[PDB]
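One line per chain: the protein sequences are A and B, in this order.
Using the authors' numbering, you'd call the opening residue of the first sequence number 1 and step up by one each time.
Using the authors' numbering, you'd call the opening residue of the second sequence number 1 and step up by one each time.
As structure tokens, the structure follows; a few thoughts come after it.
Protein chains: 2
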Amino acid sequence: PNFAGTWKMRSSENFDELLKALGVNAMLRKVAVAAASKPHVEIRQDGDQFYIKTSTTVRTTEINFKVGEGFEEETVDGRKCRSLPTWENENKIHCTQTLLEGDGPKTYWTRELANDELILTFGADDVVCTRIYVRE
Amino acid sequence: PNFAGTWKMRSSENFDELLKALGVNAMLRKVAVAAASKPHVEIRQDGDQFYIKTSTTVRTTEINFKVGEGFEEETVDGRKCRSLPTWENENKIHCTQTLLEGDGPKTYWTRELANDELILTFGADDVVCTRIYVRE
Numbered sequence: 001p002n003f004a005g006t007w008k009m010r011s012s013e014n015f016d017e018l019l020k021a022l023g024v025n026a027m028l029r030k031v032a033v034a035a036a037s038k039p040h041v042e043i044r045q046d047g048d049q050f051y052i053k054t055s056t057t058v059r060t061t062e063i064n065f066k067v068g069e070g071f072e073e074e075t076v077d078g079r080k081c082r083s084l085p086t087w088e089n090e091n092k093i094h095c096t097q098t099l100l101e102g103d104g105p106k107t108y109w110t111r112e113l114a115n116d117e118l119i120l121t122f123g124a125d126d127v128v129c130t131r132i133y134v135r136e
Numbered sequence: 001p002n003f004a005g006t007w008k009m010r011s012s013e014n015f016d017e018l019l020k021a022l023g024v025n026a027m028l029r030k031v032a033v034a035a036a037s038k039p040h041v042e043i044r045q046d047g048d049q050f051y052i053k054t055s056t057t058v059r060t061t062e063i064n065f066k067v068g069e070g071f072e073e074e075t076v077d078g079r080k081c082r083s084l085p086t087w088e089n090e091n092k093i094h095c096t097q098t099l100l101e102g103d104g105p106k107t108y109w110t111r112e113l114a115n116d117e118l119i120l121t122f123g124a125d126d127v128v129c130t131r132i133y134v135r136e
């Protein structure tokens with residue numbers, strides 16, 4: 001299969017740590033780590049084109065991009081950045097991030113479909129956060 | 001009557017603008033606001049000694065203080081600070097907050113009893129947030 005479908009999170013790891021790497025203070029980190037486990041992701045994949053919805057029942061964050069062409073979004077902690085997606089290999093998109101406002105930790109994310117699970121990985125320098133998604 | 005009792009919140013205005021004054025980026029600000037939207041206050045009063053337990057799903061604080069002498073707590077955005085609670089008038093507590101480390105916008109809070117309503121006011125520079133509680 002491809003990345004298309006509805007995904008529910010199975011497990012998260014080192015997320016709080018990543019947020020610290022990105023400078024989010026203890027309290028905000030805490031509200032942030034909590035709110036991250038509630039949404040369900042819905043991916044629409046069409047070739048290199050993606051449309052991802054990270055929703056709930058009263059909220060929804062939507063974004064589209066095309067693998068192979070830069071686009072703009074926001075780093076996990078809410079900073080503005082230009083992103084560059086490329087296919088590392090058939091089952092894995094790698095995306096480099098470069099901040100627009102200011103200078104800080106090198107951010108990056110990758111999405112990989114392995115064993116029918118979606119493994120999202122966040123990088124904030126030497127810190128790496130990982131989360132696994134299972135088809136709902 | 002007095003400040004003692006169990007409280008519920010019926011209104012919050014300019015909260016988001018408060019956090020913005022405090023430097024919280026759009027994303028975090030959104031989540032922070034959502035988290036503090038259904039507070040449950042429990043106040044125990046003994047003359048000038050106060051006990052204010054504020055339980056919200058992700059964060060509970062049990063602040064103890066004596067109007068007339070300082071104490072320590074955290075600003076609404078998580079900065080360490082020294083607070084000075086004092087009577088602005090017979091039924092209003094004004095509280096000055098000093099950042100122990102960091103240094104940012106001047107913040108403070110006031111808690112007033114007007115018609116069996118607990119007006120919790122937060123301020124940061126020119127921005128002011130107002131939340132009204134009612135007896136549960």
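Where is the CB? At the ideal position from N, CA and C, for every residue including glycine.
Applying the 10 Å Cβ sphere with the 16-neighbour rule, what's the burial state of residue i?
i, result
"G70/A", "exposed"
"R10/A", "exposed"
"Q97/A", "buried"
"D116/B", "exposed"
"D126/B", "exposed"
Would a check of beta-carbon distances place residue i closer than 7 Å to chain A?
i, result
"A35/B", "yes"
"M27/B", "yes"
"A114/B", "no"
"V31/B", "yes"
"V58/B", "yes"
How many Å lie between residue i and residue j at the Cα?
i, j, result
"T130/B", "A124/B", "12 Å"
"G104/B", "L22/B", "8 Å"
"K53/A", "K30/A", "23 Å"
"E101/A", "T107/A", "13 Å"
Let me make sure I understand the geometry here. Which of the options has the alpha-carbon closest to that of residue i?
i, options, result
"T60/A", "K20/A, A114/A, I43/A", "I43/A"
"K80/A", "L113/B, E88/B, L28/B", "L28/B"
"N64/B", "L118/B, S83/B, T56/B, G78/B", "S83/B"
"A36/A", "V58/B, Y133/B, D77/B, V76/B", "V58/B"
"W7/A", "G47/A, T56/A, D16/A, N14/A", "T56/A"
"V128/A", "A4/A, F3/A, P1/A, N14/A", "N14/A"
"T86/A", "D46/A, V67/A, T75/A", "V67/A"
Check whether the Cβ of residue i lies closer than 7 Å to any Cβ atom in chain B.
i, result
"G23/A", "no"
"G78/A", "yes"
Per DSSP, which residues does residue i bridge with? Please list them.
i, result
"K53/B", "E42/B, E62/B"
"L120/A", "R111/A, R131/A"
"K20/A", "None; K20/A has no bridge partner."
"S12/A", "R131/A"
"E69/B", "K66/B"
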